[PDB]
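Q: Here it is, the structure in full.
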Amino acid sequence: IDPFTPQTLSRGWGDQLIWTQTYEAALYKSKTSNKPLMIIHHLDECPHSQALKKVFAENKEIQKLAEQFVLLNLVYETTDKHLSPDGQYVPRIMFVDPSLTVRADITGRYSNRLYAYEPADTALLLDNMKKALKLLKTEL
């Protein structure tokens, strides 16, 4: 593509994680860097996502893929009108497809419920994170 901004002094790409908490800015720079973003959606109204956060921050697998991608940690409204207008169940993980949209093609065997926010979904979250991410670098 055309030269956007040359690197100098320090901070080359700054594409890791996101650093700042802003839904629109996160998704925006993701598309700008042609890199998919994974929106981690929490809630305060149920068992504090801090409990889940502990195991999340403890799971190497989840961090490894997320550090190479975007993680949009949002904690506000259990059923926000943007992701859950009609209400289905509290999320845990979400993913924005390169086409700036979402793809619900995830199916599974009945391990311990296929959709939860409780630390139980941490093993699934791993395999689900892969299916949700689908393509890593287009080539692979």
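Going by the structure tokens order, chains are called A, B, ..., each with residues numbered from 1, while ligands are numbered from 1 in the order shown.
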Could you pull out the strand (DSSP E or B) residues of region 4-115 of chain A from DSSP and send them as a ChimeraX atom specification?

A: /A:17,37-38,41-42,70-71,74-75,95-97,101

Q: Can those selected residues be exported to a file as a CSV table (one decimal), in the first residue's frame so that it contains C-alpha atoms?

A:
chain,number,residue,atom,x,y,z
A,17,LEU,CA,-3.3,-5.4,21.6
A,37,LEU,CA,-10.1,-7.9,15.8
A,38,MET,CA,-11.4,-10.0,18.6
A,41,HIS,CA,-17.1,-8.7,26.0
A,42,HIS,CA,-17.6,-8.8,29.8
A,70,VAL,CA,-6.7,-7.1,18.7
A,71,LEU,CA,-8.4,-7.5,22.0
A,74,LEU,CA,-15.4,-4.0,27.0
A,75,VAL,CA,-17.2,-4.2,30.3
A,95,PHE,CA,-14.9,-11.6,16.7
A,96,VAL,CA,-15.0,-9.1,13.9
A,97,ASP,CA,-14.5,-10.6,10.4
A,101,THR,CA,-18.9,-8.0,10.2

Q: Near region 27-35 of chain A, within 9 Å and counting only C-alpha atoms, which residues show up once chain neighbours fewer than 2 positions away are dropped, as a list in words?

A: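 With the cut-off at 9 Å, the set is residues 15, 18, 22, 23, 24, 25, 37, 39, 69, 70, 72, 96, 98, 99, 100, 136 and 137 of chain A.
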
Q: So that I can check the surroundings of residue 128 (chain A), please list as JSON, numbers by chain every protein, DNA and RNA residue that reaches within 10 Å of it, counting only C-alpha atoms and ignoring chain neighbours fewer than 2 positions away.

A: {"A": [93, 94, 106, 107, 108, 114, 115, 121, 122, 123, 124, 125, 126, 130, 131, 132, 133, 134]}

Q: How would the residues just chosen look if you wrote them out with N, CA and C atoms as an mmCIF file, in the first residue's frame?

A:
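Written file, part12.cif:
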data_model
loop_
_atom_site.group_PDB
_atom_site.id
_atom_site.type_symbol
_atom_site.label_atom_id
_atom_site.label_comp_id
_atom_site.auth_asym_id
_atom_site.auth_seq_id
_atom_site.Cartn_x
_atom_site.Cartn_y
_atom_site.Cartn_z
ATOM 1 N N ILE A 93 -16.618 -13.693 24.478
ATOM 2 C CA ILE A 93 -15.738 -13.500 23.357
ATOM 3 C C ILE A 93 -16.571 -13.112 22.131
ATOM 4 N N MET A 94 -15.983 -12.342 21.252
ATOM 5 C CA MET A 94 -16.622 -11.919 20.021
ATOM 6 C C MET A 94 -15.540 -11.663 18.990
ATOM 7 N N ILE A 106 -19.849 -21.126 14.428
ATOM 8 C CA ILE A 106 -19.258 -21.960 15.466
ATOM 9 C C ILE A 106 -20.260 -22.971 16.045
ATOM 10 N N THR A 107 -19.941 -24.244 15.892
ATOM 11 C CA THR A 107 -20.729 -25.326 16.466
ATOM 12 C C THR A 107 -19.813 -26.189 17.338
ATOM 13 N N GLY A 108 -20.373 -27.097 18.135
ATOM 14 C CA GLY A 108 -19.522 -27.905 18.989
ATOM 15 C C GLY A 108 -20.244 -29.051 19.674
ATOM 16 N N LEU A 114 -21.805 -24.872 25.520
ATOM 17 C CA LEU A 114 -20.995 -24.315 24.457
ATOM 18 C C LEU A 114 -20.882 -22.818 24.531
ATOM 19 N N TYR A 115 -21.635 -22.188 25.426
ATOM 20 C CA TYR A 115 -21.583 -20.756 25.540
ATOM 21 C C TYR A 115 -21.763 -20.335 27.004
ATOM 22 N N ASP A 121 -15.939 -22.071 30.509
ATOM 23 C CA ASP A 121 -15.820 -21.876 29.045
ATOM 24 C C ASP A 121 -14.369 -21.583 28.626
ATOM 25 N N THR A 122 -13.424 -21.716 29.551
ATOM 26 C CA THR A 122 -12.037 -21.343 29.255
ATOM 27 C C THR A 122 -11.337 -22.344 28.347
ATOM 28 N N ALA A 123 -11.792 -23.590 28.334
ATOM 29 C CA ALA A 123 -11.168 -24.585 27.488
ATOM 30 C C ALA A 123 -11.722 -24.433 26.093
ATOM 31 N N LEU A 124 -13.035 -24.284 26.025
ATOM 32 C CA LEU A 124 -13.731 -24.016 24.786
ATOM 33 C C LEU A 124 -13.223 -22.753 24.162
ATOM 34 N N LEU A 125 -13.228 -21.669 24.940
ATOM 35 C CA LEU A 125 -12.661 -20.377 24.505
ATOM 36 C C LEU A 125 -11.380 -20.554 23.719
ATOM 37 N N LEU A 126 -10.581 -21.535 24.094
ATOM 38 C CA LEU A 126 -9.361 -21.813 23.379
ATOM 39 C C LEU A 126 -9.663 -22.284 21.948
ATOM 40 N N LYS A 130 -9.929 -20.227 18.012
ATOM 41 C CA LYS A 130 -9.331 -20.648 16.758
ATOM 42 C C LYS A 130 -10.362 -20.591 15.641
ATOM 43 N N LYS A 131 -11.539 -21.156 15.905
ATOM 44 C CA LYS A 131 -12.624 -21.182 14.926
ATOM 45 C C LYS A 131 -13.127 -19.770 14.639
ATOM 46 N N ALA A 132 -13.163 -18.950 15.675
ATOM 47 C CA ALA A 132 -13.611 -17.574 15.547
ATOM 48 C C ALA A 132 -12.599 -16.741 14.785
ATOM 49 N N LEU A 133 -11.325 -17.084 14.921
ATOM 50 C CA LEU A 133 -10.265 -16.328 14.270
ATOM 51 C C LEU A 133 -10.171 -16.762 12.799
ATOM 52 N N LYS A 134 -10.490 -18.040 12.575
ATOM 53 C CA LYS A 134 -10.546 -18.663 11.255
ATOM 54 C C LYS A 134 -9.207 -18.576 10.485
#

Q: In terms of the shortest atom-to-atom distance over only C-alpha atoms, which of A:138, A:118, A:112, A:76 is closest to residue 43 (chain A)?

A: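 Ranked by minimum distance to residue 43 (chain A), first place goes to A:76.
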
Q: What does the distance between CA of residue 86 (chain A) and CA of residue 111 (chain A) come to in Å, to one decimal place?

A: 26.3 Å

Q: Quote the spacing between CA of residue 113 (chain A) and CA of residue 53 (chain A) in Å to one decimal place.

A: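 Spanning CA of residue 113 (chain A) to CA of residue 53 (chain A) is a straight-line distance of 19.3 Å.
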
Q: Write out as a list in words all residues of region 22-97 of chain A that backbone DSSP assigns to helix (DSSP H, G or I).

A: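 Selecting the helix (DSSP H, G or I) positions of region 22-97 of chain A gives residues 23, 24, 25, 26, 27, 28, 29, 30, 31, 32, 49, 50, 51, 52, 53, 54, 55, 56, 57, 58, 60, 61, 62, 63, 64, 65, 66 and 67 of chain A.
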
Q: Store the residues picked out above, limited to C-alpha atoms, as a PDB file, in the first residue's frame.

A:
ATOM      1  CA  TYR A  23     -14.538   0.488  20.576  1.00  0.00           C
ATOM      2  CA  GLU A  24     -14.552   2.563  17.396  1.00  0.00           C
ATOM      3  CA  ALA A  25     -10.821   3.355  17.436  1.00  0.00           C
ATOM      4  CA  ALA A  26      -9.914  -0.274  18.037  1.00  0.00           C
ATOM      5  CA  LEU A  27     -12.038  -1.587  15.199  1.00  0.00           C
ATOM      6  CA  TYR A  28     -10.888   1.314  13.015  1.00  0.00           C
ATOM      7  CA  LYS A  29      -7.133   0.725  13.344  1.00  0.00           C
ATOM      8  CA  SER A  30      -7.764  -3.000  12.970  1.00  0.00           C
ATOM      9  CA  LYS A  31      -9.177  -2.502   9.470  1.00  0.00           C
ATOM     10  CA  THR A  32      -6.482   0.084   8.829  1.00  0.00           C
ATOM     11  CA  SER A  49     -15.475 -10.804  35.038  1.00  0.00           C
ATOM     12  CA  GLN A  50     -12.365 -10.210  37.194  1.00  0.00           C
ATOM     13  CA  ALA A  51     -12.726 -13.846  38.235  1.00  0.00           C
ATOM     14  CA  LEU A  52     -12.738 -14.815  34.572  1.00  0.00           C
ATOM     15  CA  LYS A  53     -10.005 -12.240  33.924  1.00  0.00           C
ATOM     16  CA  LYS A  54      -7.689 -14.077  36.309  1.00  0.00           C
ATOM     17  CA  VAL A  55      -7.898 -17.343  34.388  1.00  0.00           C
ATOM     18  CA  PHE A  56      -7.900 -15.439  31.071  1.00  0.00           C
ATOM     19  CA  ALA A  57      -4.647 -13.708  32.033  1.00  0.00           C
ATOM     20  CA  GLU A  58      -3.377 -17.060  33.195  1.00  0.00           C
ATOM     21  CA  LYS A  60      -1.063 -18.597  27.741  1.00  0.00           C
ATOM     22  CA  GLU A  61      -2.892 -19.899  24.656  1.00  0.00           C
ATOM     23  CA  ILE A  62      -5.477 -17.149  24.760  1.00  0.00           C
ATOM     24  CA  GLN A  63      -2.897 -14.421  25.329  1.00  0.00           C
ATOM     25  CA  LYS A  64      -0.628 -15.700  22.548  1.00  0.00           C
ATOM     26  CA  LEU A  65      -3.239 -15.408  19.811  1.00  0.00           C
ATOM     27  CA  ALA A  66      -4.622 -12.195  21.265  1.00  0.00           C
ATOM     28  CA  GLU A  67      -1.230 -10.431  21.368  1.00  0.00           C
TER      29      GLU A  67
END

Q: I'd like the interatomic distance between CA of residue 40 (chain A) and CA of residue 91 (chain A), to a tenth of an Å.

A: 8.2 Å
